[PDB]
Ligand SMILES: NC(=O)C1=CN([C@@H]2O[C@H](COP(=O)(O)OP(=O)(O)OC[C@H]3O[C@@H](n4cnc5c(N)ncnc54)[C@H](OP(=O)(O)O)[C@@H]3O)[C@@H](O)[C@H]2O)C=CC1
Ligand SMILES: NC(=O)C1=CN([C@@H]2O[C@H](COP(=O)(O)OP(=O)(O)OC[C@H]3O[C@@H](n4cnc5c(N)ncnc54)[C@H](OP(=O)(O)O)[C@@H]3O)[C@@H](O)[C@H]2O)C=CC1
């Protein structure tokens, strides 16, 4: 009794969350497996604060006020499990472990269940924002065992980022893996937004022949419109940045996009649970494509492009078309993301508050934007909205953009600019608007070669198998 | 000693394979868990053949010539495992179990390994073709423990379908899950081909306003060109088919496409192992989209489409454009499929013979086509080809189609026809041809908000982190 909460894991993320925590008047006891790290932090970044250190897992446990509350901000995987094993013998029934690492929603569920019967309340939380966010106000997404929530509410919401009306970008997400499932869908969406920005970049660079200087200006103009977001803002900075030598740094960087795995999971989840989250799929795959750098070098030497027609038209107009095409496509993957969230909710029995989640992504996290605010009051006005595209704001915004959107894509297609995400968003949009789709032909084929049966348009329910093979032979 | 091989599982697929087997002069002993089924078959379909029945798993084992060879054509999952458990006590070291069900490549690997140390040779085989194929010549894809192969080679290749020069559409695929991994990639590709056919159907139906009668004729014309395939052929039949009442049956069928899961796995595998198999992804997702039937009904009432511009142009030309767009897109997903096959080969240590696999899909299976022949001699001429698009035939075929292809997609886009697969194939094509892609901007963003480091275009290898945040603050 003295420390309010413990944090294990002293890399920059843990470090900054403890300082953030301390600034809101919480005594935190630090610990790390390379114990020397605890000293180093106490004498350096945490010198002159109220944070205590522990040199043994056992004395860390000793410092805590009951219910003991300890946070793991350790590498996801095995590491988290090891710590749980060691922690459980020392803790009392009713104690709380939070895993803040980017964990697998399934590993979280398992752990949550497992700890319930040993009387230990487990919460898996998504943390977003990076070092900066960690330090002044991260976005936090806690889920797991709801009994832990009243014991941690004050800390998490206190250090959480705050939206303009002072609400925290943190609230209870739901049971077991919910917080960790929300965290990864956030990253899926993050991948999506980035690829969309790249596509817009690629069209103004190759079709419009803009230099990085003008392209930064155009993004900066765009950040004053509906597109106002952290990502459009940093993109304008990146395009302007000049290296030591005076020339722009971005053209020097190698185009193989890495990925630490979370985006991958969103798209795999959609595939497992049957949700058309096509834009995040294309975004993950566009990263896979860029990894085949040497292969694209070799392919560029021999695969021919379209005939070169120079762009004739008003650059200012096309620039505006690219803006609206980005915006409509962004609306589309957010509609795909929240329908994945709805399906997962249905699969695992979570009562998700989608306006709540919108608010949690409104600040702190990388995808923060004014856009998320508009999503929040769509679900406020109607919490049972099946799909974002049916809310009048989005239905109006997309309707309003579609001319430009189709123009932007036709030009790209003729010019040979790769647009994975612009094209899936439009395909999906046109797919979803259609009451009748050619899917009935798939059914006919499936029934024909594999006898799989089909149902009629009127009288859904009965499955028929036609004998196509011969009908008069 | 008397029967050459046993088959367990007497649904139509097992039934027909046993008759096929018997016709090639192999004595087969049948067995099934609802043992009554064995009698029913012996007195009915198998009456007057040489197939023996067994009424106990033990007497089935007794009838077999050593090395005992038994085939499971049972529902994939638990069922297969149950049978293995029961079989292993009765078998001798050196005996062979083949699982012909549509199994998980991972379950196959596990089983293959597991049985090795108990001295039982396991082979997992993919079987394709349906009832018809099962009866006269299926496509067969055996993998697992290579020691079983000489003992089953004669039967499998004997009942296998034969290509015009008499080679069997069956040869050893590789170790453990290989045969079962090839089987599922085949289905992935199958999903792909079907969605492409639907898209072509949708454009001639809505943009060209063709009736099902002309559309069948156009497909029938197309089946005489490079597009010559089983699927284009049955599609022409389906479009012509008239119901009892005299009107076309296809417009009566409900557009929710089912899926038994295999297509799903191909796309999940690509995501796990980092391969841009975008067309099969879009195809699986297009099935997911059609399942939201009631939702599309509700969306059709409120999401607006493009302005209605009537199609003005020559129908004959556009029809030809749709043909070439289908063909180029098909080339693209086959290039994506064989690069997935190459990566899996690299992941699990399989020495795959891609021309061999091309030959196995040349007859028997649903995707059979003249196209697969062209793929086979691409890999014959060069077995180490990294990607099909670099082979001069395909490089020429795509170059030759791209005008039409871009025309077809621009028209679709303006008209509002959903084209998931036509657009990913083009996106990917334009993606892969480009030596330099906007992926370097992702890297800049990743380094900026998450410190993730990046490497330079010249000097690959060194990872740099720039401090973007402030460069003079
Ligand atoms: N995508 C998004 O929206 C966002 C993602 N995130 C990510 O969350 C991540 C948090 O992890 P990070 O802090 O970088 O840590 P790392 O994954 O680098 O792991 C190092 C830390 O975990 C500990 N650790 C490592 N291995 C073990 C082990 N085997 N056993 C016990 N402890 C272990 C280390 O202790 P020791 O030093 O003793 O080894 C150290 O404290 C960040 O990378 C951040 O980018 C954050 C914000 C946003
Ligand atoms: N996509 C492609 O390219 C192709 C896919 N395939 C597919 O492969 C499939 C083969 O399976 P199919 O023959 O239809 O069989 P089913 O999946 O319908 O299973 C029924 C058969 O398996 C047995 N079985 C069921 N449950 C068990 C159990 N619990 N324990 C033991 N045995 C069990 C049944 O025996 P009992 O009657 O005693 O229950 C019966 O023999 C076909 O559906 C076919 O479409 C084939 C060609 C191509």
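Protein chains in written order, with the authors' numbering: chain A, 1 to 473; chain A', 1 to 473. A prime marks a further copy of an entry chain.
Cβ coordinates follow ideal geometry from the N, Cα and C atoms, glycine included.
Between the alpha carbons of residue 200 (chain A) and residue 398 (chain A') lies a gap of roughly 26 Å. The CB of residue 275 (chain A) comes closer than 8 Å to the CB of 288 in chain A', given here in chain order.
Contact between the segment 281-289 of chain A and the segment 379-388 of chain A' is absent: fewer than three C-beta pairs spanning the two stretches fall below 8 Å.
With respect to the 9 Å criterion, residue 13 (chain A') and residue 173 (chain A') are not classified as neighbours on the basis of their beta carbons. Taking 9 Å as the CB threshold, residue 231 (chain A) lines the interface with chain A'. If you compare the alpha carbons of A:107, A:455, A:72 with that of residue 291 (chain A'), the shortest gap goes to A:455. By the 16-neighbour rule on beta-carbons within 10 angstroms, residue 249 (chain A) is buried. Neighbourhood of residue 456 (chain A') in chain A, by CB distance below 7 Å: 252, 253, 254, in chain order. Inclusion of residue 212 (chain A') and residue 251 (chain A') in the CB contact set at 9 Å is warranted, their separation being smaller than that value.
Separation of residue 443 (chain A') and residue 428 (chain A') (C-alpha to C-alpha, rounded to the nearest whole angstrom) is 20 Å. The closest CA to that of residue 255 (chain A), considering only A':48, A':460, A':468, is found on A':460. Around the Cβ of residue 39 (chain A), a 10 Å sphere holds fewer than 16 other Cβ atoms; the residue is exposed. With distances taken between CA atoms, residue 465 (chain A) lies nearest to A:453 out of A:102, A:271, A:453. Only those residues of the segment 181-215 of chain A whose C-beta falls short of 8 Å from the nearest C-beta of chain A' are listed: 194, 195, 197, 198, 199, 201, 202, 205.
Note on geometry: alpha-carbon atoms of residue 353 (chain A) and residue 165 (chain A) lie some 19 Å from one another. Within the segment 21-88 of chain A, complete beta strand (DSSP E) segments of at least 3 residues are found at 28-31, 69-72, given in chain order.
By alpha-carbon distance to residue 425 (chain A'), the top candidate from A:432, A:419, A:225 is A:419.
Taking C-beta atoms as the reference points, residue 192 (chain A') and residue 331 (chain A') fail to come closer than 9 Å. Among the CB atoms of chain A, none fall inside 9 Å of the CB of residue 21 (chain A').
A residue is called buried when at least 16 other Cβ atoms come within 10 angstroms of its Cβ; residue 58 (chain A') does not meet this threshold and is exposed. Any Cβ of chain A closer than 9 Å to the Cβ of residue 346 (chain A') would place that residue at the interface, and such an atom is absent.
Within the same chain, and ignoring the five residues on either side of residue 94 (chain A) in sequence, the residues whose Cβ sits closer than 6 Å to its Cβ are 67. Counting C-beta pairs closer than 8 Å gives three or more between the segment 174-189 of chain A and the segment 117-134 of chain A, which meets the contact rule. With fewer than 16 other beta carbons inside 10 angstroms of its own, residue 225 (chain A) counts as exposed. Take the alpha-carbon of residue 145 (chain A) and the one of residue 74 (chain A): they are about 20 Å apart. When the Cα atoms are used, residue 262 (chain A') and residue 187 (chain A') turn out to be separated by approximately 6 Å. When Cβ pairs closer than 8 Å are counted between the two stretches, the segment 75-87 of chain A is seen to touch the segment 97-114 of chain A, the count reaching three or more. Put simply, the CB of residue 77 (chain A) is far from chain A', with every gap to its CB atoms at 9 Å or more. Within chain A', the residues whose beta carbon sits less than 7 Å from that of residue 430 (chain A) are 416, 417, 418, listed in sequence order. Shown here, residue 127 (chain A) sits in a strand according to DSSP, grouped into three states. DSSP places residue 248 (chain A') in the strand class (E or B) of the three-state scheme.
At least one CB of chain A lies nearer than 9 Å to the CB of residue 271 (chain A'). Within the same chain, and ignoring the five residues on either side of residue 300 (chain A) in sequence, no residue has its Cβ closer than 7 Å to its Cβ.
Looking from the CA of residue 157 (chain A), the closest CA among A:339, A:388, A:17 belongs to A:17.
With a threshold of 8 Å, the Cβ atom of residue 83 (chain A') counts as near ligand 2, since some heavy atom of the ligand is closer than that. Going by DSSP, residue 420 (chain A') is part of the alpha helix (DSSP H) stretching over 420-433.
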